[PDB]
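So this one's work_27.csv, CSV, C-alpha atoms and all ligand atoms:
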```csv
chain,number,residue,atom,x,y,z
A,1,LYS,CA,-88.9,-43.8,32.8
A,2,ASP,CA,-86.0,-43.1,30.4
A,3,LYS,CA,-88.5,-41.0,28.4
A,4,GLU,CA,-89.7,-39.3,31.6
A,5,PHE,CA,-86.2,-37.8,32.3
A,6,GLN,CA,-85.8,-36.6,28.7
A,7,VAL,CA,-89.1,-34.7,28.5
A,8,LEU,CA,-88.5,-33.0,31.9
A,9,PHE,CA,-84.9,-32.1,30.7
A,10,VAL,CA,-86.2,-30.3,27.5
A,11,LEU,CA,-88.9,-28.3,29.4
A,12,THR,CA,-86.4,-27.2,32.0
A,13,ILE,CA,-84.0,-25.9,29.3
A,14,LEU,CA,-86.8,-24.0,27.6
A,15,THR,CA,-87.9,-22.5,30.9
A,16,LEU,CA,-84.3,-21.4,31.7
A,17,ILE,CA,-83.8,-20.0,28.2
A,18,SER,CA,-86.9,-18.0,28.5
A,19,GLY,CA,-85.6,-16.5,31.8
A,20,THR,CA,-82.2,-15.8,30.3
A,21,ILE,CA,-83.6,-13.8,27.4
A,22,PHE,CA,-86.0,-11.9,29.5
A,23,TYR,CA,-83.6,-10.8,32.3
A,24,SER,CA,-80.8,-10.1,29.8
A,25,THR,CA,-83.1,-7.8,27.8
A,26,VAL,CA,-85.3,-6.1,30.4
A,27,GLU,CA,-83.0,-6.2,33.4
A,28,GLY,CA,-79.8,-5.7,31.5
A,29,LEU,CA,-78.0,-8.7,32.9
A,30,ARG,CA,-75.1,-10.4,31.0
A,31,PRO,CA,-76.6,-13.6,29.6
A,32,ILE,CA,-74.5,-15.8,32.0
A,33,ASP,CA,-75.8,-13.7,34.9
A,34,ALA,CA,-79.4,-14.0,33.6
A,35,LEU,CA,-79.1,-17.8,33.4
A,36,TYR,CA,-77.5,-18.0,36.8
A,37,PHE,CA,-80.2,-15.8,38.3
A,38,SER,CA,-82.9,-17.8,36.7
A,39,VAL,CA,-81.5,-21.0,38.2
A,40,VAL,CA,-81.1,-19.4,41.6
A,41,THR,CA,-84.7,-18.2,41.5
A,42,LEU,CA,-86.4,-21.4,40.3
A,43,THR,CA,-84.5,-23.6,42.8
A,44,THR,CA,-85.6,-21.1,45.5
A,45,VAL,CA,-82.1,-20.4,46.6
A,46,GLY,CA,-82.5,-16.7,46.0
A,47,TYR,CA,-79.2,-15.2,47.1
A,48,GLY,CA,-80.4,-11.8,46.0
A,49,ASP,CA,-77.0,-10.8,44.5
A,50,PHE,CA,-79.3,-10.1,41.5
A,51,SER,CA,-82.9,-9.2,41.7
A,52,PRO,CA,-85.3,-7.5,39.4
A,53,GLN,CA,-85.4,-3.7,39.6
A,54,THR,CA,-88.1,-2.8,37.0
A,55,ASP,CA,-91.8,-3.3,37.6
A,56,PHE,CA,-92.0,-5.4,34.4
A,57,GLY,CA,-89.2,-7.6,35.9
A,58,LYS,CA,-91.0,-8.0,39.2
A,59,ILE,CA,-94.3,-9.0,37.5
A,60,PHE,CA,-92.5,-11.4,35.2
A,61,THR,CA,-90.7,-13.0,38.2
A,62,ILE,CA,-94.0,-13.6,40.0
A,63,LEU,CA,-95.4,-15.6,37.1
A,64,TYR,CA,-92.0,-17.2,36.3
A,65,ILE,CA,-91.7,-18.6,39.8
A,66,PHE,CA,-95.3,-20.0,39.9
A,67,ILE,CA,-95.0,-21.6,36.5
A,68,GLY,CA,-91.4,-22.8,36.7
A,69,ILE,CA,-90.7,-24.1,40.2
A,70,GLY,CA,-92.9,-27.2,39.7
A,71,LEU,CA,-91.1,-28.2,36.5
A,72,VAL,CA,-87.6,-27.6,37.8
A,73,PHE,CA,-88.1,-29.6,41.0
A,74,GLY,CA,-89.9,-32.4,39.1
A,75,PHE,CA,-86.7,-32.6,37.0
A,76,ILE,CA,-84.5,-32.5,40.1
A,77,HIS,CA,-86.6,-35.3,41.6
A,78,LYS,CA,-86.4,-37.5,38.5
A,79,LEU,CA,-82.7,-36.8,38.1
A,80,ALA,CA,-82.5,-37.9,41.8
A,81,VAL,CA,-84.3,-41.2,41.3
A,82,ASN,CA,-84.0,-42.2,37.7
A,83,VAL,CA,-80.4,-41.2,37.2
A,84,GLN,CA,-78.5,-40.4,40.4
A,85,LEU,CA,-80.1,-43.2,42.4
A,86,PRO,CA,-79.1,-46.3,40.4
A,87,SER,CA,-75.5,-45.2,39.7
A,88,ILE,CA,-74.8,-45.3,43.5
A,89,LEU,CA,-76.3,-48.8,43.8
A,90,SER,CA,-74.1,-49.6,40.8
A,91,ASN,CA,-71.0,-48.6,42.6
A,92,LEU,CA,-72.1,-50.7,45.6
A,93,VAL,CA,-72.9,-54.0,44.0
A,94,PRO,CA,-70.5,-56.6,45.5
B,1,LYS,CA,-110.0,-32.3,40.3
B,2,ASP,CA,-111.1,-29.3,38.2
B,3,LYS,CA,-112.7,-28.0,41.4
B,4,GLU,CA,-109.5,-28.7,43.4
B,5,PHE,CA,-107.5,-26.2,41.3
B,6,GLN,CA,-110.2,-23.5,41.6
B,7,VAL,CA,-110.4,-23.6,45.4
B,8,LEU,CA,-106.6,-23.5,45.8
B,9,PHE,CA,-106.5,-20.6,43.3
B,10,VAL,CA,-108.9,-18.5,45.3
B,11,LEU,CA,-107.2,-19.1,48.7
B,12,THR,CA,-103.8,-18.2,47.2
B,13,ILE,CA,-105.1,-14.9,45.9
B,14,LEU,CA,-106.7,-14.1,49.3
B,15,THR,CA,-103.4,-14.9,51.0
B,16,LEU,CA,-101.4,-12.7,48.6
B,17,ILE,CA,-103.9,-9.9,48.9
B,18,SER,CA,-103.6,-10.0,52.7
B,19,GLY,CA,-99.8,-9.7,52.4
B,20,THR,CA,-100.0,-6.8,49.9
B,21,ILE,CA,-102.3,-4.7,52.2
B,22,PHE,CA,-100.3,-5.4,55.3
B,23,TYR,CA,-96.8,-4.7,53.8
B,24,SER,CA,-98.0,-1.7,51.9
B,25,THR,CA,-99.5,-0.2,55.0
B,26,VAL,CA,-97.2,-1.2,57.9
B,27,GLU,CA,-93.9,-1.4,55.9
B,28,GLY,CA,-94.7,1.4,53.5
B,29,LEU,CA,-94.0,-0.6,50.3
B,30,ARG,CA,-95.6,0.3,47.0
B,31,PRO,CA,-98.5,-2.2,46.4
B,32,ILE,CA,-96.7,-3.9,43.5
B,33,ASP,CA,-93.6,-4.2,45.7
B,34,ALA,CA,-95.7,-5.6,48.5
B,35,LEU,CA,-97.3,-8.2,46.3
B,36,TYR,CA,-93.9,-9.1,44.8
B,37,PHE,CA,-92.4,-9.4,48.3
B,38,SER,CA,-95.3,-11.6,49.5
B,39,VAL,CA,-94.8,-14.0,46.6
B,40,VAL,CA,-91.0,-14.1,47.1
B,41,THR,CA,-91.5,-14.9,50.8
B,42,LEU,CA,-94.2,-17.6,50.5
B,43,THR,CA,-92.4,-19.5,47.7
B,44,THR,CA,-89.3,-19.3,50.0
B,45,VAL,CA,-87.1,-17.6,47.4
B,46,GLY,CA,-86.4,-14.7,49.8
B,47,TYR,CA,-84.1,-12.5,47.8
B,48,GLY,CA,-84.0,-10.0,50.6
B,49,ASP,CA,-84.2,-6.9,48.4
B,50,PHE,CA,-87.2,-6.2,50.6
B,51,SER,CA,-87.6,-7.4,54.2
B,52,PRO,CA,-89.6,-6.2,57.1
B,53,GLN,CA,-88.1,-3.5,59.2
B,54,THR,CA,-90.7,-3.0,62.0
B,55,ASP,CA,-91.3,-5.4,64.8
B,56,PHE,CA,-94.9,-5.7,63.8
B,57,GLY,CA,-93.8,-6.7,60.3
B,58,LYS,CA,-91.4,-9.3,61.6
B,59,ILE,CA,-94.0,-10.9,63.8
B,60,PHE,CA,-96.6,-10.8,61.0
B,61,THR,CA,-94.1,-12.4,58.6
B,62,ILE,CA,-93.5,-15.3,61.0
B,63,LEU,CA,-97.2,-16.2,61.1
B,64,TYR,CA,-97.7,-15.3,57.4
B,65,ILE,CA,-94.9,-17.8,56.5
B,66,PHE,CA,-96.3,-20.7,58.6
B,67,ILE,CA,-99.8,-20.2,57.5
B,68,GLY,CA,-99.2,-19.4,53.9
B,69,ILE,CA,-96.4,-21.7,52.6
B,70,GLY,CA,-98.5,-24.8,52.7
B,71,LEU,CA,-101.3,-23.3,50.7
B,72,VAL,CA,-99.1,-21.7,48.0
B,73,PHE,CA,-97.1,-24.9,47.4
B,74,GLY,CA,-100.3,-27.0,47.3
B,75,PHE,CA,-101.5,-24.7,44.6
B,76,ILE,CA,-98.1,-24.9,42.7
B,77,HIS,CA,-98.3,-28.7,43.0
B,78,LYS,CA,-101.9,-28.9,41.6
B,79,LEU,CA,-101.0,-26.4,39.0
B,80,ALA,CA,-98.1,-28.7,38.2
B,81,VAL,CA,-100.2,-31.9,37.9
B,82,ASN,CA,-103.7,-30.9,37.1
B,83,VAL,CA,-102.9,-28.1,34.6
B,84,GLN,CA,-99.3,-28.0,33.4
B,85,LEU,CA,-98.9,-31.8,33.2
B,86,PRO,CA,-101.6,-32.7,30.7
B,87,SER,CA,-101.0,-29.9,28.3
B,88,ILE,CA,-97.4,-31.3,27.7
B,89,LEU,CA,-98.8,-34.8,27.0
B,90,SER,CA,-101.3,-33.0,24.7
B,91,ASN,CA,-98.5,-31.5,22.7
B,92,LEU,CA,-96.8,-34.9,22.5
B,93,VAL,CA,-99.7,-37.2,21.4
B,94,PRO,CA,-98.8,-38.6,17.9
C,1,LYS,CA,-104.1,-37.2,64.2
C,2,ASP,CA,-105.1,-34.6,66.8
C,3,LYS,CA,-102.1,-35.8,68.9
C,4,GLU,CA,-99.9,-35.7,65.8
C,5,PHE,CA,-100.3,-31.9,65.5
C,6,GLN,CA,-99.7,-31.3,69.2
C,7,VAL,CA,-96.4,-33.2,69.3
C,8,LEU,CA,-95.0,-31.4,66.2
C,9,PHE,CA,-96.2,-28.1,67.7
C,10,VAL,CA,-94.2,-28.6,70.9
C,11,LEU,CA,-91.0,-29.7,69.1
C,12,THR,CA,-91.1,-26.7,66.8
C,13,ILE,CA,-91.4,-24.3,69.7
C,14,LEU,CA,-88.5,-26.0,71.4
C,15,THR,CA,-86.4,-25.8,68.2
C,16,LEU,CA,-87.3,-22.1,67.8
C,17,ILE,CA,-86.5,-21.3,71.4
C,18,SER,CA,-83.1,-23.0,71.1
C,19,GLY,CA,-82.3,-20.8,68.1
C,20,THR,CA,-83.6,-17.6,69.8
C,21,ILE,CA,-81.3,-18.1,72.9
C,22,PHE,CA,-78.3,-19.0,70.8
C,23,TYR,CA,-78.5,-16.2,68.3
C,24,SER,CA,-79.4,-13.6,71.0
C,25,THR,CA,-76.4,-14.6,73.0
C,26,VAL,CA,-73.6,-15.5,70.6
C,27,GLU,CA,-74.7,-13.2,67.7
C,28,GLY,CA,-76.0,-10.4,69.8
C,29,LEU,CA,-79.5,-10.2,68.2
C,30,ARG,CA,-82.4,-8.8,70.1
C,31,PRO,CA,-84.6,-11.8,71.1
C,32,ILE,CA,-87.4,-10.9,68.6
C,33,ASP,CA,-84.8,-10.6,65.8
C,34,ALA,CA,-83.3,-14.0,66.9
C,35,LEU,CA,-86.7,-15.7,66.7
C,36,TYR,CA,-87.5,-14.0,63.4
C,37,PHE,CA,-84.1,-15.1,62.0
C,38,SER,CA,-84.6,-18.7,63.3
C,39,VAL,CA,-87.9,-18.9,61.5
C,40,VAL,CA,-86.6,-17.4,58.3
C,41,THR,CA,-83.7,-19.8,58.3
C,42,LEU,CA,-85.6,-23.0,59.1
C,43,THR,CA,-88.4,-22.3,56.5
C,44,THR,CA,-85.5,-21.7,54.0
C,45,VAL,CA,-86.7,-18.2,53.2
C,46,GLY,CA,-83.3,-16.8,54.1
C,47,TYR,CA,-83.7,-13.1,53.4
C,48,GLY,CA,-80.2,-12.5,54.7
C,49,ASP,CA,-81.1,-9.3,56.5
C,50,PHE,CA,-79.6,-11.2,59.4
C,51,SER,CA,-76.9,-13.8,59.1
C,52,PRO,CA,-74.3,-15.3,61.5
C,53,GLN,CA,-71.0,-13.4,61.7
C,54,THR,CA,-69.0,-15.5,64.1
C,55,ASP,CA,-67.5,-18.9,63.3
C,56,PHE,CA,-69.4,-20.4,66.2
C,57,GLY,CA,-72.7,-19.1,64.7
C,58,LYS,CA,-71.8,-20.4,61.3
C,59,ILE,CA,-71.2,-23.9,62.7
C,60,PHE,CA,-74.3,-23.8,64.8
C,61,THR,CA,-76.4,-22.8,61.8
C,62,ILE,CA,-75.2,-25.7,59.7
C,63,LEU,CA,-76.4,-28.2,62.4
C,64,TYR,CA,-79.5,-26.1,63.2
C,65,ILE,CA,-80.6,-26.3,59.6
C,66,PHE,CA,-80.0,-30.0,59.1
C,67,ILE,CA,-81.7,-30.9,62.4
C,68,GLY,CA,-84.5,-28.4,62.3
C,69,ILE,CA,-85.8,-28.1,58.7
C,70,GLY,CA,-87.4,-31.6,58.7
C,71,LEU,CA,-89.3,-30.9,61.9
C,72,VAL,CA,-90.6,-27.4,60.9
C,73,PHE,CA,-91.8,-28.6,57.5
C,74,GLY,CA,-93.4,-31.7,59.0
C,75,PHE,CA,-95.3,-29.3,61.3
C,76,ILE,CA,-96.2,-27.0,58.4
C,77,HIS,CA,-97.5,-30.1,56.5
C,78,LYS,CA,-99.6,-31.4,59.3
C,79,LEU,CA,-100.9,-27.8,59.9
C,80,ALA,CA,-101.7,-27.8,56.2
C,81,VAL,CA,-103.7,-31.1,56.2
C,82,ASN,CA,-104.9,-31.7,59.8
C,83,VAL,CA,-105.9,-28.1,60.6
C,84,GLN,CA,-106.0,-25.8,57.6
C,85,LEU,CA,-107.5,-28.3,55.2
C,86,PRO,CA,-110.8,-29.2,57.0
C,87,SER,CA,-111.7,-25.7,58.0
C,88,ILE,CA,-111.9,-24.8,54.3
C,89,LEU,CA,-114.2,-27.7,53.5
C,90,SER,CA,-116.2,-26.6,56.5
C,91,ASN,CA,-116.8,-23.2,55.0
C,92,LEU,CA,-117.8,-24.9,51.7
C,93,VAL,CA,-120.3,-27.4,52.9
C,94,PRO,CA,-123.7,-26.5,51.4
D,1,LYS,CA,-83.1,-48.7,56.7
D,2,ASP,CA,-80.1,-48.5,59.0
D,3,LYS,CA,-77.9,-48.8,55.8
D,4,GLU,CA,-80.1,-46.2,54.0
D,5,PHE,CA,-79.0,-43.5,56.4
D,6,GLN,CA,-75.4,-44.4,56.2
D,7,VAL,CA,-75.1,-44.3,52.4
D,8,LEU,CA,-76.9,-40.9,52.3
D,9,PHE,CA,-74.6,-39.6,55.0
D,10,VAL,CA,-71.4,-40.4,53.1
D,11,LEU,CA,-72.7,-39.0,49.9
D,12,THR,CA,-73.7,-35.7,51.6
D,13,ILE,CA,-70.3,-35.3,53.1
D,14,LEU,CA,-68.6,-35.9,49.8
D,15,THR,CA,-70.9,-33.3,48.1
D,16,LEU,CA,-70.1,-30.8,50.9
D,17,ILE,CA,-66.4,-31.5,50.7
D,18,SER,CA,-66.4,-30.9,46.9
D,19,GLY,CA,-68.1,-27.5,47.5
D,20,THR,CA,-65.7,-26.5,50.2
D,21,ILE,CA,-62.6,-27.2,48.1
D,22,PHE,CA,-64.1,-25.5,45.0
D,23,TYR,CA,-65.3,-22.3,46.7
D,24,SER,CA,-62.2,-22.0,48.9
D,25,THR,CA,-60.0,-22.2,45.9
D,26,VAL,CA,-61.8,-20.4,43.1
D,27,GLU,CA,-63.8,-18.0,45.2
D,28,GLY,CA,-61.2,-17.5,47.8
D,29,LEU,CA,-63.4,-18.2,50.8
D,30,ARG,CA,-61.9,-19.4,54.1
D,31,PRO,CA,-62.7,-23.2,54.3
D,32,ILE,CA,-65.2,-22.8,57.1
D,33,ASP,CA,-67.0,-20.1,55.0
D,34,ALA,CA,-66.9,-22.3,52.0
D,35,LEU,CA,-68.5,-25.2,53.9
D,36,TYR,CA,-71.1,-22.9,55.5
D,37,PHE,CA,-71.9,-21.4,52.0
D,38,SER,CA,-72.2,-24.9,50.5
D,39,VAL,CA,-74.7,-25.9,53.1
D,40,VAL,CA,-76.7,-22.7,52.9
D,41,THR,CA,-76.8,-23.2,49.1
D,42,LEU,CA,-77.9,-26.8,49.0
D,43,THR,CA,-80.5,-26.5,51.6
D,44,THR,CA,-81.8,-23.5,49.5
D,45,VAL,CA,-81.6,-21.1,52.4
D,46,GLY,CA,-79.4,-18.8,50.4
D,47,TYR,CA,-78.8,-15.9,52.7
D,48,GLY,CA,-76.5,-14.3,50.1
D,49,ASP,CA,-73.9,-13.1,52.6
D,50,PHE,CA,-71.6,-15.1,50.4
D,51,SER,CA,-72.2,-15.7,46.7
D,52,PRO,CA,-70.0,-16.5,43.7
D,53,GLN,CA,-68.3,-13.6,42.0
D,54,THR,CA,-66.5,-15.4,39.2
D,55,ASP,CA,-68.1,-16.8,36.1
D,56,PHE,CA,-66.5,-20.2,36.8
D,57,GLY,CA,-68.1,-20.0,40.3
D,58,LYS,CA,-71.5,-19.1,38.8
D,59,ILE,CA,-71.4,-22.0,36.4
D,60,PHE,CA,-70.2,-24.5,39.0
D,61,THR,CA,-73.0,-23.3,41.3
D,62,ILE,CA,-75.7,-24.0,38.7
D,63,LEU,CA,-74.5,-27.7,38.4
D,64,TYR,CA,-73.8,-28.0,42.1
D,65,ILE,CA,-77.4,-27.0,42.9
D,66,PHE,CA,-79.0,-29.3,40.4
D,67,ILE,CA,-76.8,-32.3,41.4
D,68,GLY,CA,-76.7,-31.7,45.1
D,69,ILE,CA,-80.1,-30.6,46.3
D,70,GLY,CA,-81.8,-33.9,45.8
D,71,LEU,CA,-79.1,-35.8,47.8
D,72,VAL,CA,-79.1,-33.3,50.7
D,73,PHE,CA,-82.9,-33.3,51.1
D,74,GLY,CA,-83.1,-37.1,50.8
D,75,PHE,CA,-80.6,-37.2,53.7
D,76,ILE,CA,-82.6,-34.7,55.7
D,77,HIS,CA,-85.7,-36.7,55.0
D,78,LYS,CA,-84.2,-40.0,56.2
D,79,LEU,CA,-82.6,-38.2,59.1
D,80,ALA,CA,-86.1,-37.0,59.8
D,81,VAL,CA,-87.8,-40.4,59.7
D,82,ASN,CA,-85.2,-43.0,60.4
D,83,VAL,CA,-83.4,-41.2,63.2
D,84,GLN,CA,-85.2,-38.2,64.5
D,85,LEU,CA,-88.7,-39.7,64.4
D,86,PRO,CA,-88.2,-42.8,66.6
D,87,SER,CA,-86.3,-41.0,69.4
D,88,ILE,CA,-89.3,-38.7,70.0
D,89,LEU,CA,-91.6,-41.7,70.3
D,90,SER,CA,-89.0,-43.2,72.6
D,91,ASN,CA,-89.2,-40.3,74.9
D,92,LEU,CA,-93.0,-40.6,74.9
D,93,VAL,CA,-93.5,-44.3,75.6
D,94,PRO,CA,-95.4,-44.6,78.9
A,101,NA,NA,-72.7,-14.0,29.2
A,102,NA,NA,-98.1,-0.4,42.9
A,103,NA,NA,-86.9,-8.7,71.7
A,104,NA,NA,-61.5,-22.3,57.9
A,105,TL,TL,-86.1,-22.3,49.7
A,106,TL,TL,-82.7,-16.4,50.1
A,107,TL,TL,-84.3,-19.2,49.9
A,108,TL,TL,-81.0,-13.4,50.3
```

Give the structure from this file in structure tokens form.
Ligand code: NA
Ligand code: NA
Ligand code: NA
Ligand code: NA
Ligand SMILES: [Tl+]
Ligand SMILES: [Tl+]
Ligand SMILES: [Tl+]
Ligand SMILES: [Tl+]
Amino acid sequence: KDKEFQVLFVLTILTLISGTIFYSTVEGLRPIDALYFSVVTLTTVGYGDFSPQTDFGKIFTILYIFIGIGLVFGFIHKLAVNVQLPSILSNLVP
Amino acid sequence: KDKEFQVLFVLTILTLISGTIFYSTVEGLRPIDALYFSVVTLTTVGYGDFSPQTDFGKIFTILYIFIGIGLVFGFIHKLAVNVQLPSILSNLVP
Amino acid sequence: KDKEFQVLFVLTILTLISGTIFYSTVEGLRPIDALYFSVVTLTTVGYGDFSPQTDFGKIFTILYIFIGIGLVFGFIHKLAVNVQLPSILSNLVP
Amino acid sequence: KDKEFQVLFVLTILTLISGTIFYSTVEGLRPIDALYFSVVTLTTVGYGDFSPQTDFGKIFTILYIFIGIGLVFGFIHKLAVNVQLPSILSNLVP
């Protein structure tokens, strides 16, 4: 379960890096904005302060969402249970 | 489980096609924009760069969301477990 | 399980009616817009074409979200499994 | 299970307080707006009527989302099952 969290962590970083490069290049976003936008998209927050304006970007975003949402939320879940859960019990133990 | 993924795949395409035709026609979106908007709606990202402006479109969107979200996320889940999960183990096997 | 879907259905309608009255009155939205906005909020789509502008509306929305999201998605889930799932098998049976 | 709901409740308040202070200070939002924005972010509604404009705010939001979404939805879930579920059965009992 310690290995679980480490595999999900790597795959999320790779997914986020892919988005940062694509949106920086094709949509012209500053890299920090491209990373921020990729995160806001794949967690489904979707503020819309940034959104793709090219047809290439729209098509990429469709696939990016379908491929990436399941991995990011897996990671959030494992981060929730296998890392954030115990530490709270640890601060409780009398 | 191989058949699971294929049924969910077909139903998602049909749902997305329905949205593309409706929003292209009633809301006047280019078909690519209508497909992109349908995806962004049913994954709950909801950037809001497009949104329905007619009352017909608003009513359709209410039903579209309730009917379609469960199918799309089912598919994302099965895509997550029955397709994207193994391949990662497959790249790990020593 | 037939009764499950009927209880969730009633509670969702009541939740949506509550939102429609509140946002129509305090935020001044047309009733159709208030219902549409309530749905878009509680499914977490959140286009932002409408959003609360008064402090009362912002506070109500915080509570509305926390109280209402769990019920709406329960209903979507049961609609997914106890109504939309079988009919697809029913169209498949050879 | 009564204790479950009380631990999740405290942690959600702490998470929301952290966001309110940060966005009030660094992004200049009125405290009520900062709390409202923190809630809309961590439930993934994401209207985008407010969104971070500084690079510090964008970076904080990335971490805030990853850390906070799992806790908020845990709480919503337990609020759904261990508090909102029974009371409805209680109003049904013949
Ligand atoms: Na940058
Ligand atoms: Na097109
Ligand atoms: Na109306
Ligand atoms: Na305030
Ligand atoms: Tl969402
Ligand atoms: Tl959104
Ligand atoms: Tl959203
Ligand atoms: Tl938005």

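Summary of the local environment: counting only C-alpha atoms, residues at most 10 Å from residue A:73, other than itself and those fewer than 6 positions away along its chain, are residues 8, 12, 42, 43, 44 and 79 of chain A; 66, 69 and 70 of chain D.
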
After superposing chain B onto chain D (least squares, all C-alpha atoms, pairing by order), export the transformed chain as a short mmCIF file (atom, residue, chain, number, x, y, z; two decimals) with C-alpha atoms, keeping the file's coordinate frame.
```
data_model
loop_
_atom_site.label_atom_id
_atom_site.label_comp_id
_atom_site.auth_asym_id
_atom_site.auth_seq_id
_atom_site.Cartn_x
_atom_site.Cartn_y
_atom_site.Cartn_z
CA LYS B 1 -83.07 -48.80 56.68
CA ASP B 2 -80.05 -48.46 59.00
CA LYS B 3 -77.94 -48.86 55.86
CA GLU B 4 -80.05 -46.26 53.99
CA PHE B 5 -79.03 -43.50 56.44
CA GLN B 6 -75.33 -44.44 56.25
CA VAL B 7 -75.10 -44.28 52.45
CA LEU B 8 -76.92 -40.92 52.29
CA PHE B 9 -74.61 -39.63 55.06
CA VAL B 10 -71.48 -40.44 53.15
CA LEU B 11 -72.66 -38.94 49.81
CA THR B 12 -73.70 -35.72 51.58
CA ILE B 13 -70.28 -35.31 53.13
CA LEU B 14 -68.59 -35.95 49.74
CA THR B 15 -70.85 -33.34 48.16
CA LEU B 16 -70.11 -30.76 50.88
CA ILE B 17 -66.42 -31.48 50.71
CA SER B 18 -66.44 -30.89 46.95
CA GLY B 19 -68.13 -27.50 47.49
CA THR B 20 -65.68 -26.47 50.25
CA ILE B 21 -62.57 -27.17 48.04
CA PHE B 22 -64.02 -25.49 45.01
CA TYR B 23 -65.27 -22.28 46.77
CA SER B 24 -62.19 -22.00 48.89
CA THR B 25 -59.97 -22.23 45.87
CA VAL B 26 -61.83 -20.46 43.02
CA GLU B 27 -63.79 -17.92 45.18
CA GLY B 28 -61.11 -17.45 47.80
CA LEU B 29 -63.37 -18.17 50.82
CA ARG B 30 -61.97 -19.42 54.09
CA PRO B 31 -62.68 -23.23 54.27
CA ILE B 32 -65.22 -22.82 57.09
CA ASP B 33 -66.93 -20.09 55.05
CA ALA B 34 -66.91 -22.31 52.01
CA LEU B 35 -68.45 -25.21 53.85
CA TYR B 36 -71.04 -22.89 55.44
CA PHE B 37 -71.86 -21.40 52.02
CA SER B 38 -72.21 -24.88 50.44
CA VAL B 39 -74.69 -25.94 53.12
CA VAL B 40 -76.68 -22.67 52.83
CA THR B 41 -76.90 -23.13 49.04
CA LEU B 42 -77.87 -26.84 48.92
CA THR B 43 -80.58 -26.52 51.62
CA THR B 44 -81.85 -23.53 49.53
CA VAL B 45 -81.65 -21.04 52.41
CA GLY B 46 -79.38 -18.75 50.35
CA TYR B 47 -78.77 -15.87 52.69
CA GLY B 48 -76.51 -14.25 50.16
CA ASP B 49 -73.87 -13.09 52.65
CA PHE B 50 -71.62 -15.10 50.36
CA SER B 51 -72.24 -15.68 46.64
CA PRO B 52 -70.03 -16.51 43.76
CA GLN B 53 -68.35 -13.66 42.03
CA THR B 54 -66.45 -15.36 39.15
CA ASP B 55 -68.05 -16.80 36.09
CA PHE B 56 -66.53 -20.15 36.85
CA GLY B 57 -68.15 -20.05 40.29
CA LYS B 58 -71.53 -19.16 38.88
CA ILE B 59 -71.46 -21.98 36.38
CA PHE B 60 -70.21 -24.44 39.02
CA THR B 61 -72.99 -23.33 41.39
CA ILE B 62 -75.66 -24.03 38.76
CA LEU B 63 -74.55 -27.65 38.35
CA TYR B 64 -73.73 -28.00 42.09
CA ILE B 65 -77.35 -26.94 42.90
CA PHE B 66 -79.01 -29.38 40.44
CA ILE B 67 -76.87 -32.25 41.38
CA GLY B 68 -76.69 -31.70 45.07
CA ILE B 69 -80.16 -30.57 46.30
CA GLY B 70 -81.76 -33.92 45.77
CA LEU B 71 -79.16 -35.78 47.74
CA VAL B 72 -79.05 -33.35 50.71
CA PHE B 73 -82.85 -33.30 51.11
CA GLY B 74 -83.04 -37.11 50.81
CA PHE B 75 -80.60 -37.26 53.65
CA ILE B 76 -82.61 -34.63 55.72
CA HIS B 77 -85.76 -36.67 55.03
CA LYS B 78 -84.18 -40.01 56.19
CA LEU B 79 -82.64 -38.24 59.08
CA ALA B 80 -86.13 -36.98 59.81
CA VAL B 81 -87.83 -40.42 59.67
CA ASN B 82 -85.24 -43.01 60.36
CA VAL B 83 -83.38 -41.17 63.17
CA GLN B 84 -85.19 -38.14 64.58
CA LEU B 85 -88.67 -39.72 64.42
CA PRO B 86 -88.22 -42.74 66.66
CA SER B 87 -86.25 -41.07 69.36
CA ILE B 88 -89.31 -38.73 70.02
CA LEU B 89 -91.65 -41.76 70.29
CA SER B 90 -88.96 -43.24 72.61
CA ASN B 91 -89.21 -40.28 74.91
CA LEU B 92 -93.01 -40.54 74.86
CA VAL B 93 -93.57 -44.30 75.56
CA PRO B 94 -95.43 -44.57 78.95
#
```

- Message: Quick check, in Å to one decimal: how far apart do atom CA of residue C:82 and atom CA of residue C:13 lie?
- Response: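 About the pair atom CA of residue C:82 and atom CA of residue C:13: they are 18.3 Å apart.
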
If you count all atoms listed in the file, which residues end up within 6 Å of ligand TL 106 (chain A), as a PDB file with C-alpha atoms, keeping the file's coordinate frame?
```pdb
ATOM      1  CA  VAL A  45     -82.100 -20.400  46.600  1.00  0.00           C
ATOM      2  CA  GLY A  46     -82.500 -16.700  46.000  1.00  0.00           C
ATOM      3  CA  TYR A  47     -79.200 -15.200  47.100  1.00  0.00           C
TER       4      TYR A  47
ATOM      5  CA  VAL B  45     -87.100 -17.600  47.400  1.00  0.00           C
ATOM      6  CA  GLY B  46     -86.400 -14.700  49.800  1.00  0.00           C
ATOM      7  CA  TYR B  47     -84.100 -12.500  47.800  1.00  0.00           C
TER       8      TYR B  47
ATOM      9  CA  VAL C  45     -86.700 -18.200  53.200  1.00  0.00           C
ATOM     10  CA  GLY C  46     -83.300 -16.800  54.100  1.00  0.00           C
ATOM     11  CA  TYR C  47     -83.700 -13.100  53.400  1.00  0.00           C
TER      12      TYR C  47
ATOM     13  CA  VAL D  45     -81.600 -21.100  52.400  1.00  0.00           C
ATOM     14  CA  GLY D  46     -79.400 -18.800  50.400  1.00  0.00           C
ATOM     15  CA  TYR D  47     -78.800 -15.900  52.700  1.00  0.00           C
TER      16      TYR D  47
END
```

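With only C-alpha atoms as the atoms that count, the minimum distance from chain B to the choices C:56, C:37, C:23, C:5 is reached by C:37.
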
- Query: To one decimal place, how far is atom CA of residue C:15 from atom CA of residue C:63 in Å?
  - Reply: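 It comes out at 11.8 Å.
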